[PDB]
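One structure is given here, and the rest of the page talks about it.
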Amino acid sequence: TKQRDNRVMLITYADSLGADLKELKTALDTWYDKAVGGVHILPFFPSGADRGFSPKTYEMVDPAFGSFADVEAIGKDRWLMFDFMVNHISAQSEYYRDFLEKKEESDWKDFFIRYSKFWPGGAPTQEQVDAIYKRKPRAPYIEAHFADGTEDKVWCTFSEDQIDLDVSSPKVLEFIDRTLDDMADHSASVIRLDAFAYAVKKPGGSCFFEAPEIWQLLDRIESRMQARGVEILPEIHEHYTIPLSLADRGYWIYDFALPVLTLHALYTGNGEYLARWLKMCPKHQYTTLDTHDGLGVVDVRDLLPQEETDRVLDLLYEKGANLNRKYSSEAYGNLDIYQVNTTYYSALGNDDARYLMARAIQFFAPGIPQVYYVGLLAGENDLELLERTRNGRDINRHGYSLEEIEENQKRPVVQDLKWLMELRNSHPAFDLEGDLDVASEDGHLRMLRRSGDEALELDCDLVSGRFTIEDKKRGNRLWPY
């Protein structure tokens, strides 16, 4: 296992940068060898739905993608992040299929949350239904029809294929422990806990980050993986107080507020909300602009005023390249109708200068930047794919051939983003432990990264879309180059 280090991490599917895991390694070695220090390969196990996030098993790689050897090959000199779906498993898994066949005689009788057992009286009251945290209108269950002719309802947060696990069941905790151990054996440096805040259900509760049980589950998983030298990263999209409460207890977090705060700053020339955010962020975080999902809007609540949130959303739809509100609707198959479906480059109207500025801000921000592969290649909204699949998120999930990755290398914006990633990976001022001084004034955002006598200053003109990078220790301007 290559240890998680202080270098830019790529987010990619196994089949989105070239055709499969072998072509992914070719792409990274050929064009991104110094730019990409870590790789989050999105779920690469056989899956029944939601492009990997409904795993049928963890015991084999989806053979469309390759083998565990092909994953380990990428992990030779790049640290790896894998997903563990702590919240759910495929309805097409051995576990759920056996439960439908055998019911109370199934080894997996306790793996799923059955309404008849979970709810006092055998069903929720409307009050209890209304209390559950939702990101789409569909009820959070599906019908289970058993081979014996009987039926129940099972908890279903996401797509109809994603059946929620009962983390209160000892057999499920054994499955979690075994699966994380297997991931550690396959060279995982970090395990991402997908949908972490959904994992604990309580009758009458929101069933979102239910304390103290959610903390006890996190500590169980983090403690086990710490003993293997593996880090954990919970995926939580909500009010900033939740991730900052994790950071206060020594857990890695995602920054999901940066994307929309940065868009608002670049569209308005106002850095005040972005500066306030940057100052409250911890050092042990992963920053995002793009991920494989849409842009988070609830994630900026109380960081961007509602008027300014409404304003930047209007600007994305009006001034962005090929956004459409319909793409976040139920018609386009969304699991979260409150996210904005777009590539980050197209959110900025395919503006090279402001897209590079967004990445510069991200790279000077605390913690470790994640770059999604579509953003790596300054990719535009893919209406062709979106309209073929009728899956809104596919606007930002173009599959690149090796030929198309190569064709993109001539673009200055692709060259410049690679240069920024190489700088982020080489310059000592980006020390994970180093300090950030942020100032917002006269339409500028100034970010000074210090580490001992190292002092590297980003100065963003949010109005003009031009930035400078100055090495104050060595007395030399690094950008423009």
Side-chain angles (χ1 to χ4, degrees), residues 50 53 83-89 112-113 118-119 124 127-136 138-141 155-159 162-169 172-173 176 180 190-226 231-260 277 280-282 284-288 291 293-304 335-339 367:
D50 196 18
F53 282 98
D83 295 275
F84 176 60
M85 272 51 71
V86 65
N87 186 67
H88 53 257
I89 202 157
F112 313 108
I113 303 171
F118 178 86
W119 294 105
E127 178 189 40
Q128 291 172 318
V129 165
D130 288 351
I132 300 164
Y133 185 87
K134 300 289 304 307
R135 293 287 83 187
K136 70 182 190 303
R138 196 213 66 209
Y141 72 80
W155 206 292
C156 179
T157 297
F158 295 107
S159 83
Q162 289 155 298
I163 312 299
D164 290 41
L165 297 171
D166 188 353
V167 303
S168 77
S169 297
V172 169
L173 294 167
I176 291 172
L180 295 168
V190 190
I191 301 170
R192 177 185 180 280
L193 301 178
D194 178 78
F196 184 65
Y198 287 98
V200 172
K201 282 67 171 179
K202 291 190 173 184
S206 70
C207 302
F208 193 95
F209 207 71
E210 289 287 0
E213 283 82 354
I214 198 65
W215 293 103
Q216 284 155 206
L217 177 62
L218 181 57
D219 171 69
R220 184 204 187 86
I221 292 172
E222 186 278 337
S223 287
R224 193 178 185 81
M225 287 302 95
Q226 186 191 126
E231 291 165 355
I232 64 140
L233 178 57
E235 179 208 21
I236 305 173
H237 285 278
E238 245 297 340
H239 194 266
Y240 72 88
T241 53
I242 303 293
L244 291 199
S245 76
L246 272 82
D248 279 353
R249 298 189 65 81
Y251 298 100
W252 284 90
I253 61 169
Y254 276 108
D255 176 354
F256 290 136
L258 190 67
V260 167
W277 176 238
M280 78 176 76
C281 284
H284 289 72
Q285 65 168 15
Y286 292 94
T287 58
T288 68
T291 69
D293 297 324
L295 305 173
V297 183
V298 295
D299 309 68
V300 301
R301 183 160 82 82
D302 293 332
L303 297 174
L304 193 64
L335 294 183
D336 189 335
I337 61 169
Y338 306 95
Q339 289 180 351

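Along the sequence shown, residues are numbered consecutively beginning with 1.
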Point-to-point distance, once rounded to the nearest 0.5 Å, from [atom1] of [X] to [atom2] of [Y]:
X	Y	atom1	atom2	result
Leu193	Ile176	CG	CD1	9.0 Å
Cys156	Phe112	SG	CZ	11.5 Å
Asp50	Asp194	CG	CG	8.0 Å
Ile232	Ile191	CD1	CD1	9.0 Å
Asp164	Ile89	CG	CD1	11.5 Å
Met85	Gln162	CE	CD	9.0 Å

Return the minimal non-hydrogen interatomic distance between [X] and [Y], and the atom names on each side.
X	Y	value
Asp299	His237	OD2-ND1, 3.1 Å
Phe209	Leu246	CZ-CD1, 3.5 Å
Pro282	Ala247	CG-CB, 3.7 Å
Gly294	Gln339	N-OE1, 3.2 Å
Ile113	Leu165	CD1-O, 3.8 Å
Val167	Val172	CA-CG1, 3.9 Å

Give the table of side-chain donor-acceptor pairs shorter than 3.5 Å for residues 249-258, with sequence neighbours excluded, one pair per line with atom names and distance.
unit_1, atom_1, unit_2, atom_2, d
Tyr254, OH, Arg192, NE, 2.9
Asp255, OD1, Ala257, N, 2.9
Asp255, OD1, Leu258, N, 2.9
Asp255, OD1, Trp277, NE1, 3.2
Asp255, OD2, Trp277, NE1, 2.9

When you measure from the side chain of [X] to the backbone N and O of [Y], does any donor-acceptor pair fall under 3.5 Å?
X	Y	answer
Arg138	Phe158	yes
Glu235	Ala195	yes
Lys201	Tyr198	yes

Are [X] and [Y] side-chain neighbours, meaning at least one heavy-atom pair lies under 4.5 Å?
X	Y	value
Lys136	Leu335	yes
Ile214	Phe196	yes
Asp293	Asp336	no
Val86	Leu217	yes

Any idea how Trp155 and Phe118 line up, ring-wise: parallel (<30°), tilted (30 to 60°), or perpendicular (>60°)? perpendicular
